[PDB]
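Printed here is data_17.cif (mmCIF, N, CA and C atoms):
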```cif
data_coords
loop_
_atom_site.label_atom_id
_atom_site.label_comp_id
_atom_site.auth_asym_id
_atom_site.auth_seq_id
_atom_site.Cartn_x
_atom_site.Cartn_y
_atom_site.Cartn_z
N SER J 822 38.96 -17.21 135.15
CA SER J 822 37.90 -17.87 134.41
C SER J 822 37.79 -17.13 133.09
N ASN J 823 38.19 -17.78 132.01
CA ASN J 823 38.37 -17.13 130.72
C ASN J 823 37.31 -17.62 129.75
N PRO J 824 36.24 -16.86 129.54
CA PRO J 824 35.14 -17.35 128.72
C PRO J 824 35.25 -16.94 127.26
N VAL J 825 34.37 -17.53 126.45
CA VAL J 825 34.17 -17.16 125.06
C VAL J 825 32.70 -16.81 124.89
N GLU J 826 32.30 -16.53 123.67
CA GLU J 826 30.92 -16.22 123.33
C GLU J 826 30.16 -17.52 123.03
N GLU J 827 28.93 -17.39 122.54
CA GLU J 827 28.05 -18.54 122.29
C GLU J 827 27.35 -18.25 120.97
N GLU J 828 27.92 -18.75 119.88
CA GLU J 828 27.45 -18.41 118.54
C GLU J 828 26.46 -19.45 118.04
N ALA J 829 25.32 -18.99 117.55
CA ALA J 829 24.29 -19.86 117.02
C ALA J 829 24.42 -19.94 115.50
N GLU J 830 24.52 -21.16 114.98
CA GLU J 830 24.58 -21.37 113.54
C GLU J 830 23.43 -22.26 113.08
N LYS J 857 23.78 -48.78 105.31
CA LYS J 857 22.58 -49.59 105.50
C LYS J 857 22.06 -50.10 104.16
N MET J 858 22.97 -50.32 103.22
CA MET J 858 22.63 -50.82 101.89
C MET J 858 22.52 -52.34 101.87
N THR J 859 22.50 -52.92 100.68
CA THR J 859 22.28 -54.35 100.51
C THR J 859 23.26 -54.86 99.46
N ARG J 860 23.01 -56.08 98.98
CA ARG J 860 23.92 -56.73 98.03
C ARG J 860 23.80 -56.10 96.65
N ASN J 861 24.94 -55.74 96.07
CA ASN J 861 24.99 -55.06 94.79
C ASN J 861 25.75 -55.90 93.77
N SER J 862 25.27 -55.89 92.54
CA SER J 862 25.97 -56.50 91.41
C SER J 862 26.94 -55.48 90.82
N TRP J 863 27.47 -55.77 89.64
CA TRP J 863 28.42 -54.87 88.97
C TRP J 863 27.73 -53.81 88.10
N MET J 864 26.46 -53.50 88.35
CA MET J 864 25.76 -52.45 87.65
C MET J 864 25.94 -51.12 88.39
N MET J 865 25.18 -50.10 87.99
CA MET J 865 25.26 -48.78 88.59
C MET J 865 23.91 -48.42 89.19
N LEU J 866 23.88 -48.23 90.51
CA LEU J 866 22.66 -47.91 91.24
C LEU J 866 22.65 -46.44 91.60
N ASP J 867 21.63 -45.72 91.15
CA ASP J 867 21.47 -44.29 91.43
C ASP J 867 20.36 -44.13 92.46
N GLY J 868 20.74 -43.75 93.68
CA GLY J 868 19.80 -43.60 94.78
C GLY J 868 19.60 -42.12 95.09
N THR J 869 18.35 -41.68 95.07
CA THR J 869 17.99 -40.36 95.55
C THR J 869 17.56 -40.50 97.00
N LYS J 870 18.32 -39.92 97.92
CA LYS J 870 18.13 -40.14 99.34
C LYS J 870 17.36 -38.97 99.95
N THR J 871 16.30 -39.30 100.69
CA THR J 871 15.51 -38.33 101.45
C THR J 871 15.21 -38.89 102.83
N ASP J 872 16.21 -39.52 103.44
CA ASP J 872 16.05 -40.19 104.73
C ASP J 872 16.18 -39.17 105.86
N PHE J 873 16.30 -39.67 107.09
CA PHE J 873 16.35 -38.81 108.27
C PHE J 873 17.73 -38.19 108.48
N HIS J 874 18.15 -37.32 107.57
CA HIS J 874 19.37 -36.55 107.76
C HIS J 874 19.14 -35.50 108.83
N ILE J 875 20.01 -35.48 109.84
CA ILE J 875 19.93 -34.53 110.93
C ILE J 875 20.16 -33.10 110.46
N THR J 876 21.38 -32.82 110.00
CA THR J 876 21.89 -31.49 109.62
C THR J 876 21.63 -30.47 110.72
N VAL J 877 22.30 -30.69 111.85
CA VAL J 877 21.94 -30.08 113.13
C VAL J 877 22.26 -28.59 113.21
N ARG J 878 21.50 -27.78 112.47
CA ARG J 878 21.49 -26.34 112.62
C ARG J 878 20.38 -25.98 113.61
N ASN J 879 20.04 -24.69 113.70
CA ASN J 879 18.99 -24.21 114.60
C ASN J 879 17.60 -24.73 114.22
N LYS J 880 17.08 -24.28 113.08
CA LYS J 880 15.74 -24.62 112.62
C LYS J 880 15.63 -24.25 111.15
N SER J 881 15.07 -25.18 110.36
CA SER J 881 14.73 -25.03 108.93
C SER J 881 15.95 -24.63 108.09
N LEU J 882 16.92 -25.54 108.05
CA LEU J 882 18.22 -25.26 107.45
C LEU J 882 18.11 -25.30 105.93
N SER J 883 18.11 -24.12 105.31
CA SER J 883 18.21 -24.00 103.86
C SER J 883 19.69 -23.96 103.48
N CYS J 884 20.08 -24.83 102.55
CA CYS J 884 21.49 -25.02 102.25
C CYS J 884 22.05 -23.88 101.41
N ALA J 885 21.21 -23.31 100.52
CA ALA J 885 21.42 -22.19 99.59
C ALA J 885 22.39 -22.47 98.44
N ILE J 886 22.98 -23.67 98.42
CA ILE J 886 23.73 -24.17 97.26
C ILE J 886 23.59 -25.69 97.32
N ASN J 887 22.59 -26.21 96.62
CA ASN J 887 22.15 -27.57 96.83
C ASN J 887 23.06 -28.57 96.12
N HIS J 888 23.00 -29.81 96.58
CA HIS J 888 23.75 -30.91 95.99
C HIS J 888 22.82 -31.74 95.12
N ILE J 889 23.24 -31.97 93.87
CA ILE J 889 22.43 -32.70 92.90
C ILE J 889 22.83 -34.16 92.79
N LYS J 890 24.11 -34.44 92.52
CA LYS J 890 24.62 -35.81 92.44
C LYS J 890 25.96 -35.86 93.16
N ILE J 891 26.05 -36.73 94.17
CA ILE J 891 27.28 -36.81 94.96
C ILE J 891 28.39 -37.55 94.20
N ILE J 892 28.03 -38.64 93.51
CA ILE J 892 28.85 -39.51 92.66
C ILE J 892 30.10 -40.07 93.34
N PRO J 893 29.98 -41.05 94.27
CA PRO J 893 31.19 -41.70 94.78
C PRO J 893 31.68 -42.81 93.87
N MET J 894 32.64 -43.59 94.39
CA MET J 894 33.43 -44.59 93.65
C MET J 894 34.06 -44.00 92.39
N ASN J 895 34.74 -42.87 92.57
CA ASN J 895 35.63 -42.32 91.57
C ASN J 895 37.07 -42.30 92.07
N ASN J 896 37.30 -41.72 93.26
CA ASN J 896 38.64 -41.71 93.84
C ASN J 896 39.08 -43.08 94.34
N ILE J 897 38.15 -44.01 94.55
CA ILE J 897 38.53 -45.39 94.83
C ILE J 897 39.16 -46.02 93.59
N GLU J 898 38.64 -45.68 92.40
CA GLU J 898 39.29 -46.09 91.16
C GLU J 898 40.60 -45.34 90.93
N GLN J 899 40.64 -44.06 91.33
CA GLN J 899 41.87 -43.26 91.26
C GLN J 899 42.90 -43.64 92.31
N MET J 900 42.55 -44.49 93.27
CA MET J 900 43.49 -45.17 94.14
C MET J 900 43.84 -46.56 93.61
N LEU J 901 42.87 -47.24 92.98
CA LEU J 901 43.04 -48.64 92.59
C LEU J 901 43.97 -48.80 91.39
N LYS J 902 43.84 -47.91 90.40
CA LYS J 902 44.79 -47.92 89.28
C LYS J 902 46.23 -47.57 89.70
N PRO J 903 46.51 -46.62 90.61
CA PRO J 903 47.87 -46.56 91.17
C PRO J 903 48.23 -47.70 92.11
N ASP J 904 47.28 -48.45 92.66
CA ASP J 904 47.66 -49.67 93.38
C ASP J 904 48.19 -50.72 92.41
N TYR J 905 47.62 -50.76 91.20
CA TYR J 905 48.08 -51.63 90.13
C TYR J 905 49.48 -51.23 89.70
N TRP J 906 49.61 -49.92 89.43
CA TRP J 906 50.88 -49.24 89.03
C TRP J 906 51.88 -49.32 90.19
N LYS J 907 51.41 -49.15 91.43
CA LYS J 907 52.30 -49.29 92.61
C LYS J 907 52.79 -50.74 92.66
N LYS J 908 51.87 -51.67 92.40
CA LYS J 908 52.14 -53.13 92.32
C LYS J 908 53.12 -53.43 91.18
N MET J 909 53.10 -52.63 90.10
CA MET J 909 53.96 -52.92 88.92
C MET J 909 55.43 -53.00 89.34
N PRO J 910 56.04 -52.10 90.15
CA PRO J 910 57.41 -52.33 90.63
C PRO J 910 57.38 -52.99 91.99
N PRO J 911 58.53 -53.27 92.63
CA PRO J 911 58.48 -53.62 94.06
C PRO J 911 57.96 -52.48 94.92
N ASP J 912 57.32 -52.86 96.03
CA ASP J 912 56.58 -51.93 96.86
C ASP J 912 57.47 -51.41 97.98
N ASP J 913 57.56 -50.09 98.09
CA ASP J 913 58.34 -49.44 99.13
C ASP J 913 57.59 -48.26 99.73
N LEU J 914 56.25 -48.38 99.79
CA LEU J 914 55.33 -47.47 100.49
C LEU J 914 55.36 -46.05 99.93
N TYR J 915 55.41 -45.94 98.60
CA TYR J 915 55.29 -44.63 97.96
C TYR J 915 53.89 -44.06 98.12
N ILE J 916 52.86 -44.88 97.87
CA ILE J 916 51.49 -44.50 98.17
C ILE J 916 50.69 -45.65 98.77
N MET J 917 51.36 -46.67 99.31
CA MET J 917 50.72 -47.71 100.12
C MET J 917 51.52 -47.84 101.41
N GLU J 918 51.20 -46.99 102.39
CA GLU J 918 51.88 -46.98 103.69
C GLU J 918 50.80 -47.04 104.77
N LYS J 919 50.37 -48.27 105.09
CA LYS J 919 49.40 -48.66 106.11
C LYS J 919 48.00 -48.06 105.92
N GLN J 920 47.68 -47.55 104.74
CA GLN J 920 46.42 -46.83 104.54
C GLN J 920 45.29 -47.81 104.25
N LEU J 921 44.27 -47.81 105.10
CA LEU J 921 43.06 -48.58 104.89
C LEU J 921 41.94 -47.72 104.31
N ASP J 922 42.29 -46.72 103.50
CA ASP J 922 41.33 -45.75 102.97
C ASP J 922 40.65 -46.21 101.69
N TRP J 923 40.75 -47.49 101.33
CA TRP J 923 39.98 -48.02 100.21
C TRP J 923 38.51 -48.17 100.60
N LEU J 924 38.25 -48.77 101.75
CA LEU J 924 36.88 -48.97 102.22
C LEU J 924 36.29 -47.74 102.90
N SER J 925 37.07 -46.66 103.05
CA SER J 925 36.57 -45.47 103.74
C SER J 925 35.53 -44.74 102.91
N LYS J 926 35.80 -44.57 101.60
CA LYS J 926 34.91 -43.96 100.59
C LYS J 926 34.46 -42.55 100.97
N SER J 927 35.39 -41.78 101.54
CA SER J 927 35.08 -40.50 102.16
C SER J 927 34.79 -39.41 101.13
N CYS J 928 33.62 -39.48 100.50
CA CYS J 928 33.19 -38.45 99.56
C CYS J 928 32.77 -37.21 100.33
N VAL J 929 33.67 -36.23 100.43
CA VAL J 929 33.40 -35.02 101.18
C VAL J 929 32.41 -34.13 100.44
N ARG J 930 31.24 -33.94 101.04
CA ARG J 930 30.19 -33.10 100.46
C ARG J 930 30.34 -31.70 101.03
N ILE J 931 30.93 -30.80 100.25
CA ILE J 931 31.16 -29.42 100.67
C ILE J 931 29.94 -28.58 100.34
N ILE J 932 29.50 -27.78 101.30
CA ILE J 932 28.30 -26.97 101.16
C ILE J 932 28.62 -25.51 101.47
N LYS J 933 27.73 -24.63 101.02
CA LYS J 933 27.82 -23.21 101.31
C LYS J 933 26.94 -22.88 102.51
N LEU J 934 26.75 -21.59 102.77
CA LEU J 934 25.92 -21.14 103.89
C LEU J 934 24.44 -21.36 103.60
N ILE J 944 13.02 -29.91 108.85
CA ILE J 944 13.90 -28.77 109.11
C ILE J 944 15.22 -28.93 108.37
N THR J 945 15.35 -30.02 107.62
CA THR J 945 16.55 -30.32 106.86
C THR J 945 16.20 -30.41 105.38
N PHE J 946 17.19 -30.80 104.58
CA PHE J 946 17.02 -30.95 103.14
C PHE J 946 17.32 -32.39 102.74
N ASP J 947 16.68 -32.83 101.66
CA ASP J 947 16.92 -34.17 101.14
C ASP J 947 18.31 -34.25 100.51
N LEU J 948 18.91 -35.43 100.60
CA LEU J 948 20.26 -35.63 100.09
C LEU J 948 20.23 -35.74 98.56
N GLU J 949 21.43 -35.78 97.98
CA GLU J 949 21.59 -35.72 96.54
C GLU J 949 21.35 -37.10 95.92
N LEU J 950 21.60 -37.20 94.62
CA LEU J 950 21.58 -38.50 93.95
C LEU J 950 22.88 -39.22 94.25
N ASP J 951 22.80 -40.53 94.50
CA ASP J 951 24.02 -41.26 94.87
C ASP J 951 24.87 -41.55 93.64
N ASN J 952 24.34 -42.39 92.73
CA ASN J 952 25.06 -42.99 91.59
C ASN J 952 26.33 -43.69 92.08
N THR J 953 26.09 -44.79 92.82
CA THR J 953 27.14 -45.56 93.47
C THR J 953 28.14 -46.14 92.47
N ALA J 954 27.64 -46.62 91.33
CA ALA J 954 28.38 -46.75 90.06
C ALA J 954 29.54 -47.74 90.13
N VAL J 955 29.28 -48.89 90.75
CA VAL J 955 30.32 -49.92 90.90
C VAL J 955 30.40 -50.67 89.56
N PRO J 956 31.27 -50.15 88.69
CA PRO J 956 31.59 -50.79 87.43
C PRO J 956 33.00 -51.35 87.40
N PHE J 957 33.91 -50.77 88.19
CA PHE J 957 35.27 -51.29 88.31
C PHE J 957 35.75 -50.95 89.72
N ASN J 958 35.60 -51.90 90.64
CA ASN J 958 36.07 -51.72 92.00
C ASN J 958 36.43 -53.09 92.55
N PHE J 959 37.38 -53.11 93.49
CA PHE J 959 37.92 -54.37 93.98
C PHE J 959 36.94 -55.07 94.90
N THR J 960 37.23 -56.34 95.17
CA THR J 960 36.50 -57.10 96.18
C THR J 960 37.06 -56.93 97.57
N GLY J 961 38.11 -56.11 97.72
CA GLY J 961 38.79 -55.95 99.00
C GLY J 961 37.94 -55.20 100.02
N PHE J 962 36.99 -54.38 99.57
CA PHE J 962 36.17 -53.61 100.49
C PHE J 962 34.82 -54.30 100.69
N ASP J 963 34.27 -54.13 101.89
CA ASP J 963 32.92 -54.59 102.20
C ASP J 963 32.15 -53.57 103.02
N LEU J 964 32.60 -52.31 103.03
CA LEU J 964 31.97 -51.26 103.81
C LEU J 964 32.30 -49.92 103.17
N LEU J 965 31.53 -48.90 103.55
CA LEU J 965 31.74 -47.55 103.06
C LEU J 965 31.35 -46.55 104.15
N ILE J 966 31.83 -45.32 103.99
CA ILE J 966 31.38 -44.22 104.83
C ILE J 966 31.24 -42.96 103.98
N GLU J 967 30.98 -41.83 104.62
CA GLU J 967 30.81 -40.55 103.93
C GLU J 967 31.08 -39.47 104.97
N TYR J 968 31.14 -38.22 104.50
CA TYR J 968 31.25 -37.06 105.38
C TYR J 968 30.65 -35.87 104.66
N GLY J 969 29.75 -35.16 105.34
CA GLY J 969 29.05 -34.01 104.77
C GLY J 969 29.38 -32.77 105.58
N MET J 970 29.89 -31.74 104.90
CA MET J 970 30.30 -30.51 105.56
C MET J 970 29.06 -29.65 105.82
N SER J 971 28.62 -29.61 107.07
CA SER J 971 27.53 -28.74 107.48
C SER J 971 28.07 -27.32 107.59
N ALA J 972 27.55 -26.41 106.77
CA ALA J 972 28.11 -25.07 106.65
C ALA J 972 27.02 -24.01 106.77
N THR J 973 27.26 -23.02 107.63
CA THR J 973 26.50 -21.78 107.66
C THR J 973 27.47 -20.69 108.12
N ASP J 974 28.11 -20.03 107.16
CA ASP J 974 29.23 -19.14 107.44
C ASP J 974 28.79 -17.69 107.30
N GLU J 975 29.07 -16.89 108.32
CA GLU J 975 28.76 -15.46 108.34
C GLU J 975 30.05 -14.70 108.63
N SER J 976 30.79 -14.38 107.56
CA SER J 976 32.06 -13.65 107.54
C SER J 976 33.16 -14.33 108.34
N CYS J 977 33.10 -15.65 108.52
CA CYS J 977 34.08 -16.40 109.29
C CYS J 977 34.45 -17.66 108.53
N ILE J 978 35.21 -18.54 109.19
CA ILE J 978 35.59 -19.81 108.60
C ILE J 978 34.47 -20.83 108.74
N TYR J 979 34.75 -22.05 108.28
CA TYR J 979 33.74 -23.10 108.20
C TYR J 979 33.49 -23.72 109.58
N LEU J 980 32.59 -24.69 109.61
CA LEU J 980 32.01 -25.17 110.86
C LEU J 980 32.17 -26.67 111.05
N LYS J 981 31.44 -27.23 112.01
CA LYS J 981 31.47 -28.66 112.31
C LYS J 981 30.85 -29.47 111.16
N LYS J 982 31.14 -30.77 111.17
CA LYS J 982 30.93 -31.60 110.00
C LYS J 982 30.36 -32.95 110.42
N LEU J 983 29.41 -33.45 109.64
CA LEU J 983 28.61 -34.62 110.00
C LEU J 983 28.86 -35.75 109.01
N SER J 984 28.92 -36.98 109.53
CA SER J 984 29.34 -38.14 108.75
C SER J 984 28.32 -39.26 108.90
N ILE J 985 28.01 -39.91 107.77
CA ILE J 985 27.07 -41.03 107.74
C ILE J 985 27.77 -42.23 107.11
N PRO J 986 27.74 -43.42 107.71
CA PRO J 986 28.29 -44.61 107.05
C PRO J 986 27.24 -45.35 106.23
N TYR J 987 27.73 -46.28 105.41
CA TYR J 987 26.87 -47.14 104.59
C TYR J 987 27.52 -48.50 104.44
N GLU J 988 26.84 -49.55 104.87
CA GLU J 988 27.34 -50.91 104.73
C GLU J 988 26.78 -51.53 103.46
N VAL J 989 27.66 -51.94 102.55
CA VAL J 989 27.26 -52.54 101.29
C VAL J 989 28.11 -53.78 101.04
N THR J 990 27.47 -54.85 100.59
CA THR J 990 28.16 -56.05 100.13
C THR J 990 28.07 -56.13 98.61
N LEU J 991 29.03 -56.84 98.02
CA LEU J 991 29.15 -56.93 96.57
C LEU J 991 28.93 -58.37 96.12
N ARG J 992 28.41 -58.51 94.91
CA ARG J 992 28.16 -59.82 94.32
C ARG J 992 29.13 -60.07 93.18
N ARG J 993 29.72 -61.26 93.18
CA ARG J 993 30.62 -61.72 92.12
C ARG J 993 29.75 -62.18 90.96
N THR J 994 29.56 -61.31 89.97
CA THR J 994 28.68 -61.68 88.87
C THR J 994 29.39 -62.40 87.73
N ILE J 995 30.71 -62.27 87.60
CA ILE J 995 31.43 -62.78 86.43
C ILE J 995 32.91 -62.89 86.80
N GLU J 996 33.61 -63.84 86.17
CA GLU J 996 35.05 -63.97 86.30
C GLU J 996 35.64 -64.40 84.97
N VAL J 997 36.85 -63.92 84.68
CA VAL J 997 37.76 -64.63 83.78
C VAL J 997 38.99 -65.05 84.58
#
```
Show how you would write the structure in this file as structure tokens.
Amino acid sequence: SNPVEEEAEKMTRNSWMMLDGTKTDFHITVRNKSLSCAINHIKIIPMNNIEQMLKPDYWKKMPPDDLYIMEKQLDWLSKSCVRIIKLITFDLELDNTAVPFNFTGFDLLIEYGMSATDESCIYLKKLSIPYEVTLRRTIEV
């Protein structure tokens, strides 16, 4: 019997504008009690790497496709903005969802927040929150 120790450590329809949400909802952040983050998050700012995927999808589309960076990946709608933190909860940052150039291919989003309280060791378990958002077709050419 080989033991170890025990160490204690929903959106709505959006147009093509930019919505900045300051979130103070029921974030768990499952530490012991009164979790001070000690390096706070001010603005998370997603929908940047979705554009940094979408412009190479255009460029990937420019020649014939042979899965150079499109190989079964459904990570457009994932929106995995990893919130890295340092060492009873705290309010979340400003969103700035900022849909000014994004495809109609997605109809959902998620997130992941690194819950961290490190004492001379490596990092810890990590908590993820999804967000369902629909988009409005405001204009076409």
Could you name the residues that touch residue 958 (chain J) at 8 Å or less, counting all atoms listed in the file, but leaving out those on the same chain fewer than 6 positions away, as a ChimeraX atom specification?
/J:863,894,897-898,901
Please determine an axis-aligned box that encloses all atoms of region 872-890 of chain J listed in the file, with 3 Å added on each side, and express its centre and edge lengths in Å to one decimal as JSON.
```
{"center_x": 20.3, "center_y": -31.2, "center_z": 103.5, "size_x": 17.2, "size_y": 24.0, "size_z": 28.2}
```
Do you know which residues the PyMOL selection byres (((chain J and resi 944 and name CA) around 8) and name CA) returns on this file, as a PyMOL selection string?
chain J and resi 880-882+945-946
Can you list, as a VMD selection string, every protein, DNA or RNA residue that comes within 8 Å of region 866-868 of chain J when you count all atoms listed in the file, leaving out same-chain residues fewer than 5 positions away?
chain J and resid 948 to 956
If the PyMOL selection byres (((chain J and resi 916 and name CA) around 10) and name CA) is run on the structure shown, which residues does it catch, given as an MDAnalysis selection string?
chainID J and resid 900 903:904 907 912:915 917:920
Find the residues near residue 884 (chain J): any atom within 6.5 Å, counting all atoms listed in the file, skip ones fewer than 2 places away on the same chain, and give them as a short mmCIF file (atom, residue, chain, number, x, y, z; two decimals) with N, CA and C atoms, in the frame of the given file.
```
data_model
loop_
_atom_site.label_atom_id
_atom_site.label_comp_id
_atom_site.auth_asym_id
_atom_site.auth_seq_id
_atom_site.Cartn_x
_atom_site.Cartn_y
_atom_site.Cartn_z
N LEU J 882 16.92 -25.54 108.05
CA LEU J 882 18.22 -25.26 107.45
C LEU J 882 18.11 -25.30 105.93
N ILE J 886 22.98 -23.67 98.42
CA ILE J 886 23.73 -24.17 97.26
C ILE J 886 23.59 -25.69 97.32
N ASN J 887 22.59 -26.21 96.62
CA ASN J 887 22.15 -27.57 96.83
C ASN J 887 23.06 -28.57 96.12
N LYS J 933 27.73 -24.63 101.02
CA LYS J 933 27.82 -23.21 101.31
C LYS J 933 26.94 -22.88 102.51
N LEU J 934 26.75 -21.59 102.77
CA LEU J 934 25.92 -21.14 103.89
C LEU J 934 24.44 -21.36 103.60
#
```
Which polymer residues have any atom within 7 Å of an atom of residue 964 (chain J), counting only N, CA and C atoms, with same-chain residues fewer than 2 positions away left out, as a compact mmCIF listing (two decimals) with N, CA and C atoms, keeping the file's coordinate frame?
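Below you can see out17.txt, which holds the result:
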```txt
# COMPACT_ATOMS: atom_id res chain seq x y z
N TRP J 923 40.75 -47.49 101.33
CA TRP J 923 39.98 -48.02 100.21
C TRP J 923 38.51 -48.17 100.60
N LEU J 924 38.25 -48.77 101.75
CA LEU J 924 36.88 -48.97 102.22
C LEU J 924 36.29 -47.74 102.90
N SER J 925 37.07 -46.66 103.05
CA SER J 925 36.57 -45.47 103.74
C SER J 925 35.53 -44.74 102.91
N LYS J 926 35.80 -44.57 101.60
CA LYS J 926 34.91 -43.96 100.59
C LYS J 926 34.46 -42.55 100.97
N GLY J 961 38.11 -56.11 97.72
CA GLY J 961 38.79 -55.95 99.00
C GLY J 961 37.94 -55.20 100.02
N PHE J 962 36.99 -54.38 99.57
CA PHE J 962 36.17 -53.61 100.49
C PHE J 962 34.82 -54.30 100.69
N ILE J 966 31.83 -45.32 103.99
CA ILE J 966 31.38 -44.22 104.83
C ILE J 966 31.24 -42.96 103.98
N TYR J 987 27.73 -46.28 105.41
CA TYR J 987 26.87 -47.14 104.59
C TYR J 987 27.52 -48.50 104.44
N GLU J 988 26.84 -49.55 104.87
CA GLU J 988 27.34 -50.91 104.73
C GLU J 988 26.78 -51.53 103.46
N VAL J 989 27.66 -51.94 102.55
CA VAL J 989 27.26 -52.54 101.29
C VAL J 989 28.11 -53.78 101.04
N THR J 990 27.47 -54.85 100.59
CA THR J 990 28.16 -56.05 100.13
C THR J 990 28.07 -56.13 98.61
```
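Of the listed residues J:975, J:983, J:959, J:965, the one whose atoms come nearest to residue 930 (chain J) is J:983, with distances taken using only C-alpha atoms.
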Which distance in Å separates CA of residue 857 (chain J) and CA of residue 877 (chain J), to one decimal?
21.0 Å
Tell me which of J:870, J:860, J:888, J:992 sits closest to residue 932 (chain J), counting only N, CA and C atoms.
J:888
Point-to-point distance in Å for CA of residue 902 (chain J) and CA of residue 927 (chain J)
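Interatomic distance, CA of residue 927 (chain J) to CA of residue 902 (chain J): 17.8 Å.
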Å distance separating CA of residue 861 (chain J) from CA of residue 991 (chain J), one decimal place
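Atom-to-atom, CA of residue 861 (chain J) to CA of residue 991 (chain J), that is 4.9 Å.
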Residues of region 859-956 of chain J in strand (DSSP E or B) according to DSSP, as a list in words?
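These are the residues in question: residues 860, 861, 869, 890, 929, 930 and 950 of chain J.
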Alpha helix (DSSP H) per DSSP on the backbone: members of chain J, as JSON, numbers by chain:
{"J": [898, 899, 900, 901, 902, 903, 904, 905, 906, 907, 908]}
Of the candidates J:864, J:858, J:929, J:908, which shows the shortest atom-to-atom distance to residue 891 (chain J), using only N, CA and C atoms?
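Distance minimum relative to residue 891 (chain J) lands on J:929.
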As a PyMOL selection string, please: the residues near residue 967 (chain J) (cut-off 5 Å, all atoms listed in the file, same-chain neighbours under 3 positions excluded).
chain J and resi 927-928+984-986
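Using the PyMOL selection byres ((chain J and resi 827-830) around 5) on the file at hand returns these residues: residues 825, 826, 878 and 879 of chain J.
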Only N, CA and C atoms, please: the residues just picked out, written as a compact mmCIF listing (two decimals), in the frame of the given file.
```
# COMPACT_ATOMS: atom_id res chain seq x y z
N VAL J 825 34.37 -17.53 126.45
CA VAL J 825 34.17 -17.16 125.06
C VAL J 825 32.70 -16.81 124.89
N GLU J 826 32.30 -16.53 123.67
CA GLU J 826 30.92 -16.22 123.33
C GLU J 826 30.16 -17.52 123.03
N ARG J 878 21.50 -27.78 112.47
CA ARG J 878 21.49 -26.34 112.62
C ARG J 878 20.38 -25.98 113.61
N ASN J 879 20.04 -24.69 113.70
CA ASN J 879 18.99 -24.21 114.60
C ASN J 879 17.60 -24.73 114.22
```
Generate the coordinates of N, CA, C and O atoms for region 975-986 of chain J; report them as a compact mmCIF listing (two decimals), in the frame of the given file.
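Output saved as rebuild05.txt:
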```
# COMPACT_ATOMS: atom_id res chain seq x y z
N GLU J 975 29.07 -16.89 108.32
CA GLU J 975 28.76 -15.46 108.34
C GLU J 975 30.05 -14.70 108.63
O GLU J 975 30.37 -14.45 109.79
N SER J 976 30.79 -14.38 107.56
CA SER J 976 32.06 -13.65 107.54
C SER J 976 33.16 -14.33 108.34
O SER J 976 34.09 -13.65 108.80
N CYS J 977 33.10 -15.65 108.52
CA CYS J 977 34.08 -16.40 109.29
C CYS J 977 34.45 -17.66 108.53
O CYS J 977 34.06 -17.86 107.37
N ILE J 978 35.21 -18.54 109.19
CA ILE J 978 35.59 -19.81 108.60
C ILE J 978 34.47 -20.83 108.74
O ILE J 978 33.38 -20.55 109.25
N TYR J 979 34.75 -22.05 108.28
CA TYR J 979 33.74 -23.10 108.20
C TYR J 979 33.49 -23.72 109.58
O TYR J 979 34.09 -23.34 110.59
N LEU J 980 32.59 -24.69 109.61
CA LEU J 980 32.01 -25.17 110.86
C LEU J 980 32.17 -26.67 111.05
O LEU J 980 32.96 -27.31 110.34
N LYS J 981 31.44 -27.23 112.01
CA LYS J 981 31.47 -28.66 112.31
C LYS J 981 30.85 -29.47 111.16
O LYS J 981 30.13 -28.95 110.31
N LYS J 982 31.14 -30.77 111.17
CA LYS J 982 30.93 -31.60 110.00
C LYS J 982 30.36 -32.95 110.42
O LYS J 982 30.77 -33.52 111.44
N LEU J 983 29.41 -33.45 109.64
CA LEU J 983 28.61 -34.62 110.00
C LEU J 983 28.86 -35.75 109.01
O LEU J 983 28.97 -35.52 107.80
N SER J 984 28.92 -36.98 109.53
CA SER J 984 29.34 -38.14 108.75
C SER J 984 28.32 -39.26 108.90
O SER J 984 27.83 -39.54 109.99
N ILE J 985 28.01 -39.91 107.77
CA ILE J 985 27.07 -41.03 107.74
C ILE J 985 27.77 -42.23 107.11
O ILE J 985 28.38 -42.08 106.04
N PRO J 986 27.74 -43.42 107.71
CA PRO J 986 28.29 -44.61 107.05
C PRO J 986 27.24 -45.35 106.23
O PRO J 986 26.04 -45.10 106.33
```
